[PDB]
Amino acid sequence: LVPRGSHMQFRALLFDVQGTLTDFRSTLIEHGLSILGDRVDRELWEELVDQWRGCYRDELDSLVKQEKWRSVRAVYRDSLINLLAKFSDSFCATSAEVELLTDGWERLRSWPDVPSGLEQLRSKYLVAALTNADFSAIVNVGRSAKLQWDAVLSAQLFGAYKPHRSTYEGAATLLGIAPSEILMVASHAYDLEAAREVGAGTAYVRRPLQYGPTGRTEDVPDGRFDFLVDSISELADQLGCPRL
């Protein structure tokens, strides 16, 4: 008789990237402060950056509602333009600086666990980014965040953002494997819940610093998702991927 074993029958790990793998907030804060210099203080810039992702999320929630896709870089830029208008009394940015500020969403550094965790996961699973960011943006953050993918997948490829099912199912179709063999890895519950809806596995990566050192992150209960980890290496360990 063959013992049941402990292997998990996932073929691909689909990764949300922003926040889940990348310290976007620290990048955007540092990027903006570097670009804007003495025109913005950290707290004022931090509040804009926090409002920036909220505007991006609000706009992406709105676009998902109407089944619309647009360039997420344009989403980041348009939301920044709106926020610069509300903070216009405090500081200003040129178009060139707005372009440079938007680029920060494409210069995200990864959390220290991610590059080794992604490589550690390679030994058993395909790792593919499934990001709402434009395909170029994720290709770009892959350089700044040292993300080595088997596949870069974007909402752009599917003409639809996560949580829309076509993103996960399309990613499954592209990867040539059933969604039930996809482990979705996100730091955001919406992403995993939708991936669970299409049958994919759910791995929540706790990112306590995602929204800052004092930022508020959802304390996902144990058992909500198939995996609850604070490190991609930790997820890799729980997936039978030995550390190298």
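Residue indices: 1-based, along the sequence shown.
A.B. asks: Which is higher on mean Cα B factor in this entry, 58-66 or 194-202?
C.D. replies: Looking at the recorded C-alpha B-factors, 58-66 comes out higher on average.
A.B. asks: Per the record, averaged over C-alpha atoms, which has the higher B-factor: 210-218 or 34-42?
C.D. replies: So the stretch with the higher mean C-alpha B-factor is 210-218.
A.B. asks: According to the Cα B-factor stored in this entry, which of the following is highest: 158, 91, 76, 135?
C.D. replies: Most elevated C-alpha B-factor of the set, per the entry: 91.
A.B. asks: Sorting 28, 183, 175, 189 by Cα temperature factor from the record, which one lands on top?
C.D. replies: Result of the comparison over 28, 183, 175, 189: 189.
A.B. asks: Hey, what third does residue 22 fall into on Cα B-factor, ranked over its chain?
C.D. replies: Tercile = lowest for this residue's CA B-factor.
A.B. asks: Relative to the other modelled residues of the same chain, rank the CA B-factor of residue 107 and answer lowest, middle or highest third.
C.D. replies: Residue 107: CA B-factor falls in the lowest third of its chain.
A.B. asks: Among all modelled residues of this chain, ranked by Cα B factor, put residue 85 in the bottom, middle or top third, i.e. lowest, middle or highest.
C.D. replies: CA B-factor rank for residue 85: middle third.
A.B. asks: Using the B-factors in the PDB entry, rank residue 234's C-alpha atom against the chain and give the third, lowest, middle or highest.
C.D. replies: Middle third - that is where residue 234 ends up once the chain's C-alpha B-factors are sorted.
A.B. asks: According to the PDB entry, is the CA B factor of residue 154 in the bottom, middle or top third of its chain, that is, lowest, middle or highest?
C.D. replies: Ranked within chain, residue 154 CA B lands in the lowest tercile.
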